[PDB]
Ligand SMILES: *Cc1c(COP(=O)(O)O)cnc(C)c1O
Ligand SMILES: *Cc1c(COP(=O)(O)O)cnc(C)c1O
Ligand SMILES: *Cc1c(COP(=O)(O)O)cnc(C)c1O
Ligand SMILES: *Cc1c(COP(=O)(O)O)cnc(C)c1O
Ligand SMILES: [Cl-]
Ligand SMILES: [Cl-]
Ligand SMILES: [Cl-]
Ligand SMILES: [Cl-]
């Protein structure tokens with residue numbers, strides 16, 4: 007028996023706000039979830055085409071995963087990373103032996119609790135292995151929020167600072183803010205992508221020049237997102253291979269941050285696998301457990317594992333390897349494999365492409381779309397001017413009025429159809445569902461977006 | 007039907023080592039746990055007087071906590087922090103209204119997933135609230151391992167660097183290591204009484220004051236402390252904690268009490284700071300927050316700090332922050348703590364442990380000093396002849412040393428013969444803890460095993 | 007009587023080496039100088055077409071400057087900046103009223119002892135005035151060697167680190183070597206590509222970087238109008254485009270005129286070729302023509318009015334040194350009265366015509382550009398049409414000088430009694446006094462012709 | 007014929023202010039100098055017992071130095087460091103072979119143009135030699151104003167920030183302002202009687218804590234400790250044992266010691282260098298000020314034989330345009346030769362002893378003199394309220410310049426002493442920093458001390 011009015015009162019009074027001022031905040035309670043739906047206390051069913059934060063890959067509240075979690079709870083309990091469990095060892099084995107079994111670069115795994123912790127771990131490993139201080143990142147990359155992970159995050163809207171309520175006058179970034190260099194993203198220098209007289213993209217060419225300017229001996233790693241998640245982009249095809257090749261030639265590591273693109277999200281097990289290359293280190297979260305319980309991970313190459321194995325590593329994280337979280341990881345990955353959700357993701361993405369083609373034929377406010385599996389971006393433009401409504405685009409901050417932001421207006425309208433859809437960036441949709449989402453829910457969501465776009469293209473906002 | 011030989015094989019092969027080289031590593035599989043016990047696949051029962059990392063406050067595998075997690079799983083699922091749930095709101099209400107209800111400084115709570123995430127959050131909030139860059143920490147403090155939390159960690163043995171196997175030749179800290190000042194710990198400037208100036212002030216505090224004055228108070232956001240150093244294994248002189256509270260107030264600087272370890276009954280109060288009649292501006296939480304049932308951390312901020320943050324849109328997202336199933340575990344953990352009155356149980360067992368340690372010190376000249384409260388104890392170990400620590404670098408040691416040279420390692424190995432896990436992180440100092448509800452029989456059994464280990468240490472046969 | 011053999015022994019034994027190891031070092035004593043010549047103890051006259059470090063603008067040992075220094079020494083002595091002198095006030099007046107009299111942005115001057123100190127001062131003022139921490143520099147910029155000036159220096163061959171003797175094995179940068190961002194130099198992205210909103214890709218990306226961090230985080234962009242040590246010339250539109258972009262984003266522009274200032278480029282300052290005005294200028298070299306150590310910063314009226322409202326807690330013992338100020342006064346008065354700016358402009362036109370003839374004759378000249386008495390000549394392999402030294406401006410000094418084209422050219426030209434070459438391996442940096450005679454220009458150019466014949470013969474390989 | 011009014015107008019309008027707002031600023035012109043005197047345009051003679059910034063060691067406008075500068079100007083001109091000259095090589099030989107000839111440790115010299123550049127150079131060298139990033143400094147150290155030298159300066163009143171005019175309102179430090190650790194001053198940890206606290210083996214607690222600090226970060230992270238043997242701008246003298254205890258601590262930890270001798274060097278303390286009072290030898294010395302007695306801008310670093318041998322094995326990729334400037338080097342040579350031939354080190358030592366006697370007599374007469382100490386021509390005098398025995402300005406060495414000068418005892422003293430045509434005072438609010446030329450006459454010491462006596466009569470009346 008739940009008093010949801012009291013829940014709302016406690017939520018307003020006792021919880022720190024994010025993205026909303028206390029003044030403007032309206033709690034949105036969710037009582038339960040199932041599949042691709044969120045259920046409100048009043049029983050409203052909301053189709054979630056955010057998939058929360060593109061992180062509930064298996065679907066909400068999967069009975070096999072929950073059954074597995076309950077089973078672990080007959081035995082545990084808690085032990086820290088110094089102790090071995092069946093669940094922890096099995097999860098590592100599934101990742102190296104079963105999912106990555108076709109590639110021979112992967113060596114070992116470290117489990118932590120979050121994607122930010124995974125990136126922190128990867129940054130530490132890369133710097134220790136090379137004995138070099140600098141890490142290269144890209145414009146608009148999001149790699150997490152904790153101190154180290156934030157240093158490689160280049161989105162001024164997502165760096166844990168403060169903005170005003172529909173005002174430009176009360177903004178601040180955190181005082182004090187690094188061993189980090191910002192390179193151009195894949196989406197710079199366009203309008204197609206410019207290459208030199210060698211076919212090398214100008215973003216990569218300049219990335220190479222930056223490393224050489226500092227000296228390769230000063231640079232541990234380039235950390236990337238194969239597709240920018242929060243920053244909401246897709247790369248030209250040759251970018252990922254060219255970065256892999258450039259790093260190899262300069263003797264610098266490449267960390268593929270797969271926290272979002274990992275575990276079937278893009279229609280392969282990992283984002284990088286679309287590109288015929290292999291990373292030195294992968295960071296993991298989100299689909300690692302499909303958010304059933306908090307888990308993150310890093311996978312390091314055999315070379316890197318062999319180096320770390322020769323040393324005593326002075327690093328403790330209390331909940332790293334948590335055996336109940338590991339049981340949840342095991343079950344999540346087993347279901348993913350047995351149901352062949354990767355191939356299902358691939359097929360559903362192809363279906364989504366067709367739906368978006370029709371939406372673009374119909375709606376001139378769709379400037380561009382791209383993606384794969386259950387990860388899509390849709391660039392929104394003024395249908396008249398052919399330019400984005402919000403000039404600062406991906407360099408915006410949240411001090412703007414939401415009623416001026418296209419992705420906000422699309423979200424509010426789509427909501428009238430009982431659909432959750434939109435994006436983090438002001439001019440770009442970021443669309444994701446569970447890997448096992450049904451065609452009918454795809455149709456429902458696309459129809460809702462259709463309805464929102466009519467409204468956007470109508471003015472009246 | 008679990009093949010534990012194959013589990014050990016996968017564990018060696020596929021998991022990154024910490025503290026042990028692959029060469030020297032032997033997996034120690036634990037098949038299940040209960041109360042104060044770990045159970046091996048063979049069925050051996052191990053009395054855990056580390057309480058893992060002093061973080062299973064309620065006891066292992068509490069039936070009511072586990073039943074509550076099972077219930078949550080009927081409904082969830084996962085929503086991120088933008089969505090409200092009963093479990094998340096209730097957990098915040100329990101902390102603010104029930105546990106801290108008698109104090110009026112607390113305003114609001116932010117939940118995250120780990121103690122390190124909680125410290126990161128507190129550092130961000132302190133700097134934003136004050137609009138100032140610098141944070142003061144102390145020598146030997148441990149506040150976590152992630153970037154920002156690590157900058158305020160002043161233990162060179164726990165900064166996620168590398169050392170060799172029984173060698174000084176393969177030592178490295180992470181390249182690139187800044188907005189932090191290290192002040193003396195409370196355990197500095199002695200006779203063996205703590206030195207004070209002509210007013211009340213401890214020299215550790217007076218110098219901390221001079222340090223902040225040297226940079227300028229307008230540059231300094233906060234002092235972050237542990238009321239009792241956890242990994243660093245110390246206890247303060249009584250006046251330290253009130254004197255730091257008063258100093259920070261006088262300078263217009265915040266105080267963050269990092270209660271990740273000392274929180275939720277560990278010290279025989281709800282919070283460590285509560286022994287000292289003061290209140291902080293911000294508290295960081297983990298460990299006993301959920302008693303390790305599921306991953307959770309949190310920050311509590313004062314009413315003034317909440318009011319300021321409330322006026323702004325805060326551009327911070329953590330995917331698993333507020334995870335509804337973790338919040339369910341937190342609610343159940345806290346309600347069992349309250350209803351069983353585990354805080355009082357911890358206070359009483361602490362008084363009991365004190366008397367057991369007095370008897371052990373009488374028996375053992377290798378016990379130089381011991382101190383603590385509730386289920387958090389330090390025991391400083393000395394060479395019984397020379398009366399000096401065996402390991403000279405003490406709390407400034409690193410793990411390159413041979414464990415056969417380390418008193419707390421020797422003690423741990425020997426105690427293990429009695430089926431008891433007990434020892435410490437520091438080379439010369441035990442860090443002892445159990446569940447808040449640890450029985451007297453288990454205390455006696457742990458203390459007997461320590462007695463036994465100390466005979467061996469003192470025999471010099473090692 | 008000077009025992010020059012004893013001087014060499016003392017020089018070997020007691021002075022720290024730079025650029026040469028003790029093992030390879032051979033002292034090069036200079037007994038006196040005059041005009042464009044250096045005179046050895048033996049009486050050999052060497053024509054100096056490096057003009058030392060493009061810093062003896064007025065010419066060596068000007069009789070009027072030396073006579074003015076001698077007069078000042080009848081009165082001083084030394085007073086620090088708190089005390090006023092005629093020489094310090096007059097040097098400030100000459101700069102603001104006389105030299106920059108035709109421009110209305112200049113406000114006040116601060117005198118220091120060197121160009122690095124001038125840059126440190128400008129960085130301090132920029133960050134204080136804007137209350138912002140970040141400063142933007144460019145790839146291959148040189149702005150000095152002291153801590154702050156070094157942070158904006160982006161040449162890995164000039165950051166006060168160490169390299170081996172003809173070896174790659176003993177190289178290090180200073181440990182620790187920071188509120189600075191590196192943008193592309195003007196010589197990136199080529204013939205230069207444009208946004209066709211008109212914007213050079215170098216400027217476009219610089220803009221993006223500032224927007225990505227947030228313009229409210231960025232105090233200034235510091236540039237060289239022509240990269241000195243780094244040895245380049247910009248596309249014509251670059252300097253006006255950077256001025257326009259910084260103004261639009263509310264960011265300061267510091268023109269580092271330590272090298273290009275005081276007639277070097279055939280105008281009083283390099284920026285004056287481009288119809289723009291900076292917010293802050295930094296000065297050294299031609300400020301006194303190296304007669305005595307002096308540097309300076311000039312800040313705009315707005316900046317001066319802000320600084321004037323505060324008590325500035327900055328002391329430099331020798332800043333404003335009355336005798337160095339007497340030297341600056343005499344140096345600037347001679348420059349003005351002899352019309353050396355116009356003379357430099359006319360000699361540069363002459364040099365251009367000499368270089369066109371050498372390029373027509375020497376396929377190892379891939380390219381040249383410059384103005385006044387500041388010229389770059391890019392050298393290439395006449396056969397492949399590409400540079401001999403692949404790392405180019407990202408090299409370090411560990412390589413063998415017998416592999417370096419500008420070292421080859423220098424050794425060869427010395428056989429003609431001419432000092433000429435460059436800091437960069439593939440690029441000449443040529444400078445003489447503003448009053449260098451046509452005869453001496455012909456003599457240097459003839460030595461260069463001779464040197465390129467040798468380079469093109471490939472005998473040194 | 008100089009128009010001094012026009013000079014003062016150009017000065018007001020076209021020069022950036024330091025320490026004074028434009029609103030409050032009044033130019034103080036000096037037409038010429040001689041010995042220990044500054045001469046105003048009107049012909050007022052001011053006895054300068056600041057010796058500018060304790061940096062005109064030989065005296066103002068020395069005839070032999072000026073003649074040597076004029077001789078150099080018959081030949082030069084300018085050559086950068088890549089070229090050898092007689093003046094540069096001779097200056098290095100004088101330092102290593104003549105001045106420091108009785109010590110075995112010194113190897114080589116690098117000349118630069120300022121003390122801040124010398125400190126920048128020492129920090130670079132210590133970090134390169136050890137291959138470690140951290141340098142340790144102390145509370146209230148002043149090591150210069152440029153980016154690297156500023157990181158090891160721990161006086162918030164001298165870090166090139168901004169404060170308001172007679173207000174706490176409008177203050178700022180430079181945005182963005187680390188591979189530096191701050192250790193306690195030698196002047197920390199005193200008991201009630203003002204005695205320095207030590208452990209039972211006599212080790213000062215300031216040193217004991219410094220060692221703990223280094224051990225906490227790890228000695229393998231720490232390149233160097235940089236010190237001032239006597240804090241200059243920060244205006245202190247150390248407990249006697251501090252300097253040897255730091256030398257011994259650094260040696261035991263494998264860490265370098267940089268003695269920043271920019272102020273204490275070249276006879277200032279009645280020895281060639283401040284460290285020489287203490288029976289120790291540093292790894293690196295930084296020099297400025299008395300190096301040329303400010304005749305022209307010059308700075309230098311001296312490195313040990315072992316550091317020089319390491320540096321000699323590499324190509325060092327570092328250029329400073331004016332480093333080694335031959336005319337500046339000719340001034341250094343003449344400055345050092347005069348110092349040696351006149352035996353100015355001994356003169357300074359004996360004059361310090363005379364000064365001590367005058368200060369003892371002043372302290373009997375004036376209860377506002379809480380303490381004094383020093384040596385040679387470098388003295389501190391701590392000023393207290395004669396009635397409370399407590400400093401007037403509570404923040405003391407951690408003050409900033411936003412304070413009203415009419416509340417600052419060292420400002421009140423300077424203003425009063427000026428009535429007697431003596432310049433005397435200090436940078437810190439409760440502490441005089443007194444210096445004159447090494448060859449200052451007894452009569453001038455008497456004149457300065459009589460002005461101080463006068464000023465303290467006024468301070469002690471409380472009328473201000
Ligand atoms: C969401 C995200 C992270 C951080 O994960 P958390 O679990 O939110 O801390 C890191 N990297 C990428 C690419 C992400 O999308
Ligand atoms: C263990 C600990 C932390 C870090 O918590 P984690 O959950 O391990 O990230 C922070 N502070 C203190 C005092 C701790 O004991
Ligand atoms: C030479 C130079 C400097 C530094 O001047 P120094 O007098 O060597 O300290 C600064 N900026 C530029 C552009 C330079 O060429
Ligand atoms: C004055 C001083 C400096 C800085 O020298 P400048 O010539 O002013 O740059 C450095 N160290 C000490 C001890 C000083 O007194
Ligand atoms: Cl990309
Ligand atoms: Cl403490
Ligand atoms: Cl350029
Ligand atoms: Cl001292």
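Protein chains in written order, with the authors' numbering: chain C, 7 to 183, 187 to 199, 203 to 473; chain D, 7 to 183, 187 to 200, 203 to 473; chain A, 7 to 183, 187 to 199, 204 to 474; chain B, 7 to 183, 187 to 473.
The C-beta atom is built at its ideal place from N, Cα and C for all residues, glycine as well.
Checklist entry - From the beta carbon of residue 39 of chain A, is the nearest beta carbon of chain B less than 8 Å away? => result yes
Item to check | The beta strand (DSSP E) enclosing residue 136 of chain D, as first and last residue numbers | outcome: For residue 136 of chain D, no beta strand (DSSP E) encloses it; the enclosing alpha helix (DSSP H) starts and ends at 121-136.
Item to check | chain C within 8 Å of residue 220 of chain A, Cβ atoms only | outcome: Answer no: the Cβ-Cβ gap between residue 220 of chain A and chain C never drops below 8 Å.
Checklist entry - Would you say residue 214 of chain B reaches chain D, if we count a Cβ-Cβ gap shorter than 8 Å as a contact? => result yes
Next on the checklist: Output needed in chain order: residues of the segment 222-238 of chain B with a Cβ under 9 Å from some Cβ in chain D.
Outcome noted: Result list: 222, 224, 225, 226, 227, 229 and 230.
Next on the checklist: If contacts are defined as beta-carbon pairs under 8 Å, then residue 78 of chain B and residue 335 of chain B qualify, I think. What distance do you get, rounded to the angstrom?
Outcome noted: 6 Å
Checklist entry - Can you give the Cα-Cα distance for residue 57 of chain A and residue 158 of chain C, rounded to whole angstroms? => result Each residue's Cα considered, the two are about 45 Å apart.
Checklist entry - Which residues, taken in chain order from the segment 17-29 of chain D, show a beta carbon closer than 7 Å to some beta carbon of chain C? => result 17, 20, 21, 22, 23, 24, 25, 26, 27 and 28
Item to check | Top-ranked residue by Cα proximity to residue 375 of chain A, from A:453, A:112 and A:465 | outcome: Scanning A:453, A:112 and A:465 for the CA closest to the CA of residue 375 of chain A turns up A:465.
Checklist entry - If you draw a straight line from the alpha carbon of residue 199 of chain C to that of residue 323 of chain B, how long is it in whole angstroms? => result 45 Å
Item to check | Touch test, the segment 121-141 of chain B against the segment 294-304 of chain B, Cβ-Cβ under 8 Å, three pairs minimum | outcome: yes
Item to check | residue 359 of chain B - DSSP class collapsed to helix/strand/coil | outcome: Residue state for residue 359 of chain B is assigned as helix, using DSSP reduced to three classes.
Next on the checklist: Would you say the beta carbon of residue 151 of chain C is closer than 7 Å to some non-hydrogen atom of ligand 1?
Outcome noted: yes
Next on the checklist: For a test of the three-state rule: what should DSSP assign to residue 425 of chain C, helix, strand or coil?
Outcome noted: helix
Checklist entry - How about residue 240 of chain C and residue 149 of chain C: are their beta carbons less than 8 Å apart? => result no
Item to check | The beta strand (DSSP E) enclosing residue 180 of chain A, as first and last residue numbers | outcome: Run containing residue 180 of chain A: none; DSSP gives neither H nor E here.
Item to check | By C-beta, the residues closer than 5 Å to any heavy atom of ligand 8, given in chain order | outcome: Here the list is B:195 and B:247.
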